[PDB]
Amino acid sequence: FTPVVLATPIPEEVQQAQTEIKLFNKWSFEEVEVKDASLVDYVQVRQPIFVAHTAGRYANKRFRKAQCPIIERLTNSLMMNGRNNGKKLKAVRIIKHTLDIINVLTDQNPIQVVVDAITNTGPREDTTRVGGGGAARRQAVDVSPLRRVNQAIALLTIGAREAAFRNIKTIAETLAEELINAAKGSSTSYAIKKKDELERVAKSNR
Amino acid sequence: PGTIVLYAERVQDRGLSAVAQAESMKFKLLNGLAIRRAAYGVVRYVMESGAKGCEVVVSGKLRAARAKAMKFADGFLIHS
Amino acid sequence: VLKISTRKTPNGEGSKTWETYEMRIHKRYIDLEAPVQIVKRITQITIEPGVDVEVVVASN
Amino acid sequence: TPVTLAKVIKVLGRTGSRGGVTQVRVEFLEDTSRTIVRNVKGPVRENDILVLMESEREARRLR
Amino acid sequence: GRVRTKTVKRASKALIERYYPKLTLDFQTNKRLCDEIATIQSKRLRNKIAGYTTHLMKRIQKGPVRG
Amino acid sequence: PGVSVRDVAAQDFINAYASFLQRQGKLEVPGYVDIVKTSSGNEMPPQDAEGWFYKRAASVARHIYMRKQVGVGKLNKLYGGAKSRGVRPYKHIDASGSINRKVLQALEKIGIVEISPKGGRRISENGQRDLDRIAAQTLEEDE
Amino acid sequence: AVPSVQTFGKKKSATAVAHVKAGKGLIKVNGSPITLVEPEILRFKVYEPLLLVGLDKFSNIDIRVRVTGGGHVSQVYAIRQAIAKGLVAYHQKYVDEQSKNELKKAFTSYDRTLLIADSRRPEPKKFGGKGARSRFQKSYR
Amino acid sequence: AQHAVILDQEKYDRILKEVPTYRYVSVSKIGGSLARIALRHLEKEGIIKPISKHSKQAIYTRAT
Amino acid sequence: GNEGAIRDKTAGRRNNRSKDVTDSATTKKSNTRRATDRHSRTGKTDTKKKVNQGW
Amino acid sequence: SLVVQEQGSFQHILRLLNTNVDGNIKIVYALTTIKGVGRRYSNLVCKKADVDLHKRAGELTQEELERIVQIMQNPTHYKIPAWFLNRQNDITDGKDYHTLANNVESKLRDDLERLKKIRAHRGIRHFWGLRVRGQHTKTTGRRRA
RNA sequence: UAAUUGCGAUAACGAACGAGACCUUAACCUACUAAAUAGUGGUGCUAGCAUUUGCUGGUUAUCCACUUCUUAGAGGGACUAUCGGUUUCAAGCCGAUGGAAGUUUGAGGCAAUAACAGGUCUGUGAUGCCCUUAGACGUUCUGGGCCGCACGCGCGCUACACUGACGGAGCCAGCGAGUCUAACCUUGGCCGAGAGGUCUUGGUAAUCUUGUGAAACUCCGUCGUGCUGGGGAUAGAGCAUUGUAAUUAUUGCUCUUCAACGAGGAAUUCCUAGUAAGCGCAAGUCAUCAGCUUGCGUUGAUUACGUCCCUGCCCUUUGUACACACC
Ligand SMILES: [Mg+2]
Ligand SMILES: [Mg+2]
Ligand SMILES: [Mg+2]
Ligand SMILES: [Mg+2]
Ligand SMILES: [Mg+2]
Ligand SMILES: [Mg+2]
Ligand SMILES: [Mg+2]
Ligand SMILES: [Mg+2]
Ligand SMILES: [Mg+2]
Ligand SMILES: [Mg+2]
Ligand SMILES: [Mg+2]
Ligand SMILES: [Mg+2]
Ligand SMILES: [Mg+2]
Ligand SMILES: [Mg+2]
Ligand SMILES: [Mg+2]
Ligand SMILES: [Mg+2]
Ligand SMILES: [Mg+2]
Ligand SMILES: [Mg+2]
Ligand SMILES: [Mg+2]
Ligand SMILES: [Mg+2]
Ligand SMILES: [Mg+2]
Ligand SMILES: [Mg+2]
């Protein structure tokens, strides 16, 4: 890997992780593939970067929010509740923490099992509030392929955000215990719960 | 004494600078002039005195216990 | 920048509208190299009403 | 579970009362140049793609 | 969202009315005409007069248009 | 190579000066470090408590080194943090002016800081070589 | 007198003033090596200019930067900016264009505001509530 | 004050044979404080693999 | 006096939580001439060939 | 530190100073279920009586304990300054004490009834059960009377 | 379209006020002018470590050079440009590229005509009339009160913790202000746990206070889920400061006392990008007193990029016996 050395010391550690095959500080940005046909084109993995802190205007135009490195747009979705409005540098650290955990048990690429964590919390169908006249029903609606992800990620955080409250387990671990179930939905995740029941009543109506 | 003295310079064509004309009506309405007459007097003076435009407002009461307010304006006036 | 922030109202009624005023100051020094008789040649036509002028020597 | 391949041809406009929805005519990536249009909740551009559960169904504009 | 005022629009048609030999299809040229051919009062103002004149010129080289 | 304080990681350097000055012995601590809160603005005293004078007497000087000079005041501001006035909003207040005024003298009697002209306390020339032996020691961590 | 430039980098209040010597490749922000400046996760955010353009790329230059103003992150974004432009201004005076255009093209095809100086800026508050757009809470009698 | 937050002698037996079978480790028998630097009493000997770095969240893993 | 103030029982939040708030505490603006405003109450007018002599 | 695992020296509960203490809590942090005790007045005394705080409560073999109290029942013969404690100049013998007992409840009344006995305006307030220190009292402190 | 902003239709044609223009502020210039009250490089003089010549500092002028940074002058620059998509292929809008900038460039300043019995006689030596005017409603002086406490309402501050408090340690802004007949901003040396005290000094200020070493925030520890070390009301005892005067405790510190509060019913507020929200700072006030306001920067999102359902208000049409105009 053709090392280069000079006066200021640069690790073999980061002089080994540069434009040889680009992965994150410790994890692969290749091999993260969406296992959902839709959410192609709306979950920006591949183009890489190795720590999520980017001064990028993402809301001056409508959809530029979508080409955001998605694991970043996960991360600012922890700097929440006022208590944490700010704390990005704190935020960025719980993901680094949350991400060394998941390789706890799941050999799988960590930024794979997050993209498998939001795949299966996208509330494909939902309900509305029809005007309809007085006591009127809900209408079976089909969320967008990016309100899917925005709802996916917010649903993922809010449930670990309340999981970590009142208890010792770290916000790194709650987030960690959430994505594994969310990787393929199994039966506990606060996120898939609120998804199924935000969809099982898209069927109360037809 | 000597650190200042003061000298008197008449004002060029006073009917462009307002306080000259502002005070002018004061001494017309204080000498019994009709409000419309005196005001229309200054406005037609101020115009033949050069100004591109003019405007005078009179507010308060003249012998009617509720206050009215007229405006008298000629020519052009930017306001913005 | 000399700012004055004040409520517009003489009284305390109404929506609470403030208004900053501003007075802006410009002060220029220039270091000179001249003799003891143009001490008073740029002094007197050196003025235009509005500009306070101050010159004395030092390095002390 | 029967799922669907639906890409939006081009799209119509905001139906619904407060305006959070829009009818969107879409193309079936299986047996293409198809019929029907469904409608959404989220923001959408053209070129998009999305699942439907029952494609033998369409509602018309929302009240 | 700026439709341009007619103070600029009235002027831009008042010069295409009388300078087509001049009035190149480019702004920077057209800009540097009006400093010399017109008596506008601010950079910003003349920039959209020239920026307009150009856009008209682009379209008369496609057909006519009103005015 | 040639090392310097700039070349070394803040906290695992300054806490090496701790272990050094702890196990050297010439301190002259004023004796009254059993109590002090390190400012009005702090709730409780430091917890190291056989020590933490050394860990302050390590950051005592790395700051004094990096700059021309300082006085007792500017240190009070440095360490002084937010003070929770209970139900009233948090405020910054200066740290304690004596726990600093002769941590300075206490280790200028040891000769690592010099009572500067212009006002202030410049880094000592000898302290300027209780410099890069500083972390030649601590570059031995990843030697 | 050896071939050398100055540049800068600006994130909102921070400005980062960079001098690139022709040297034996030193990089010391404010006296100190890039090796650790500890907003430590945000390190790689200023490590990356090296890694993107290929790191080698340093072996007859010499970089060191100062930062006034700013904040514990307002500066780290202003330096990595300040150094990239540095190295590209070096490749303007002293080496060719194609060997220059390869970096501004390798930079802008990743750039995290690396050469375009981010334009954003604090908005001024107006009376009616502590906050730029915020208003105070209201009564409705 | 609930469940045994100190050495609790026969606790020091369970800790010995509970360290295998774990893909995870953290402060999450135990009470929190005595756990915290129990942890690197363990990397004293080849119990662990400290794949984490820093405080307020720590992650070791099976001896390898 | 102060001997007064303590002795006379008469007093204290105990002697006051004992009792009940007058319901007028809890009551509204009562609006005190804000529906009548446009109608002059001076009982007087201004002549028209006197206003014409003023303006 | 490092783990250590000791004998059944450790006892869960022991009362002392007319007050209880959990064994499983810190022995520089339990220690504050007495009255007149601060996290600070107590922090100080411990390794003033040569005991290491780092360990738990049903620990820390009794001998010290018999006169950790001698340092708080008698804190200026044993080197703690008279601005660190709750009663200087006390009111009537110029001495400087600490009070830590049910006697803190007591020494409250001693002064409370002092100002009452004396007609002091701040007694009167207290007798009436109000805010004493000049707080506005209309809008505040309403329902816990 | 933000706009009676325009296109277009057109018995109307062509204009003005108001909108726009404009002004100010924040962003762009390695291009003009250059500054020891702004700073960069070299070099003197000099300190340390390594040595191979280096790296990191010191130096109110030791000299020499420069203007990138800083400053404020003069210019320039954007005009929604180019291209494309949409459309009466009109005004326009939308996407991409370029770009300091492409949301009226962001934020303000100004702002026509009319309306109100809106508020202000408690800002005015502005004022009509009325009242009083020596046992005064004039005026000063002494003391109290505006703080008074069964309760109802509203703007707020600190919190219920483990994205935490705490303890070290890392340690980064910007808008200001500041002392003459003077007592203002204060560095620096001591003494004091602290508050403070004391001995001197710089500054009428880009020169000194000040890099305002602010705070959140980053590091490493101690705590362990338990009203806990979260929380800091209430309360006692003492020491300080402001002031002629601190009691009804002006403010500051110290010790101790250690509540409610375990995420808030009906309801309702503010807000779309460096915005929200958290964070602290200067200024006003000011002898002492910010939980207030006016500005500032620090850290920095979520979700919109839509509609008229709610609510409000404009606009046509229409009815009108109202024009003091539905009070
Ligand atoms: Mg106009
Ligand atoms: Mg600090
Ligand atoms: Mg600190
Ligand atoms: Mg608090
Ligand atoms: Mg605040
Ligand atoms: Mg206690
Ligand atoms: Mg310049
Ligand atoms: Mg672009
Ligand atoms: Mg009225
Ligand atoms: Mg008045
Ligand atoms: Mg009066
Ligand atoms: Mg009052
Ligand atoms: Mg209010
Ligand atoms: Mg802390
Ligand atoms: Mg003393
Ligand atoms: Mg408690
Ligand atoms: Mg506390
Ligand atoms: Mg809530
Ligand atoms: Mg103040
Ligand atoms: Mg006020
Ligand atoms: Mg009609
Ligand atoms: Mg009615």
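- Chain G carries the name 40S ribosomal protein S16-A in the PDB entry, which gives Saccharomyces cerevisiae as its organism.
- The title assigned to this entry in its PDB record is "80S yeast ribosome in complex with Bromolissoclimide".
- The UniProt entry for chain G carries the following text under Subcellular location: "Cytoplasm".
- According to the UniProt record, the Sequence similarities comment for chain G is "Belongs to the universal ribosomal protein uS9 family."

- Naming follows the PDB entry, where chain A appears as 40S ribosomal protein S5 of Saccharomyces cerevisiae.
- On record in UniProt, under Subcellular location, the comment for chain A is "Cytoplasm".
- Per UniProt, chain A carries the Sequence similarities text "Belongs to the universal ribosomal protein uS7 family."

## A look at the overall build of chain G
- From N to C terminus, chain G includes three helices and five strands.
- Listing the helices and strands of chain G from first to last along the sequence gives β-β-β-β-α-β-α-α.
- Out of the 141 residues in chain G, the part that is buried amounts to 47%.
- Expressed as a percentage of contacts within chain G between residues at least 6 apart in sequence, the contacts between residues at least 24 apart total 66%.
- When the 27 positive and 11 negative side-chain charges of chain G are each reduced to one mean point, those points stand 12 Å apart.

## Focus on the pattern of salt bridges
- Taken as a whole, this structure holds 36 salt bridges over all chains when the rule is applied.
- A salt bridge links A:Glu125 to A:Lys203, with the nearest nitrogen and oxygen atoms 3.9 Å apart. A residue pair is termed long-range when its members are at least 10 positions apart, and A:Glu125 in strand 2 (residues 125–127) and A:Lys203 in the segment after helix 7 (190–197) qualify at 78 residues.
- Classification of A:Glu125 as buried rests on a relative accessible area of 2%.
- Looking at A:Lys203, the relative accessible area reads 40%, which means it is partly exposed.
- Between I:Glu3 and J:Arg119 there is a salt bridge, with its nearest N and O atoms 2.6 Å apart.

## Focus on the interface of chain D and chain A
- Counting from both sides, the interface comprises 22 residues of chain D and, opposite them, 26 residues of chain A.
- Between chain D and chain A lies a buried interface of about 2,200 Å² when both sides are counted; carbon and sulfur atoms form 55% of it.
- If you look at where chain D meets chain A, you find three salt bridges.
- Across the pair A:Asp142 and D:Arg38 runs a salt bridge, and its minimum N-O distance is 3.4 Å.
- At the junction of chain D with chain A, the criterion picks out nine residue pairs in polar contact.
- Within the side of chain D that touches chain A, the residues separate by chemical class into 11 nonpolar, two polar and nine charged.

## Observations concerning the protein's contact with RNA strand K
- In the vicinity of RNA strand K, 250 residues are found, and the nearest of them are E:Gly1, F:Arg121, G:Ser13, H:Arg36 and H:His54.
- Protein-proximal atoms of RNA strand K, defined as those within 4 Å of the protein, fall in sugar or phosphate at a share of 75%.
- In this structure, F:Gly80 approaches RNA strand K through a main-chain N or O atom, which is 2.7 Å from a phosphate oxygen.
- J:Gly36 places a polar main-chain atom, nitrogen or oxygen, 3.1 Å from a phosphate oxygen of RNA strand K.
- Among the elements that line the surface near RNA strand K, the one with the most residues is helix 3 (residues 43–60) of chain E, at nine residues.

What counts, and at which threshold
- Residues numbered from 1 in each chain as written, not as in the entry; some residues may be left out.
- Chains lettered and ligands numbered in written order.
- Part of a larger assembly, values for the part shown.
- Heavy atoms only, no water.
- UniProt positions renumbered as here; feature names shortened; annotations may be inferred.
- Helix = DSSP H or I, 4+ residues; strand = E, 2+ residues; numbered from the N terminus.
- Buried < 20%, exposed > 50% of the residue type's maximum accessible area, 1.4 Å probe, protein only.
- Contact = heavy atoms within 4.5 Å.
- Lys, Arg positive; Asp, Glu negative; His and termini not counted.
- Charge placed at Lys NZ, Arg CZ, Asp CG, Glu CD.
- Salt bridge = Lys/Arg side-chain N within 4 Å of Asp/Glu carboxyl O.
- Buried area = accessible area lost by both parts, 1.4 Å probe.
- Polar contact = N/O pair within 3.5 Å; in protein donor to acceptor, adjacent residues only side chain to side chain.
- Nonpolar A, V, L, I, M, F, W, Y, C, P; charged D, E, K, R; others polar.
- Near = heavy atom within 4 Å.

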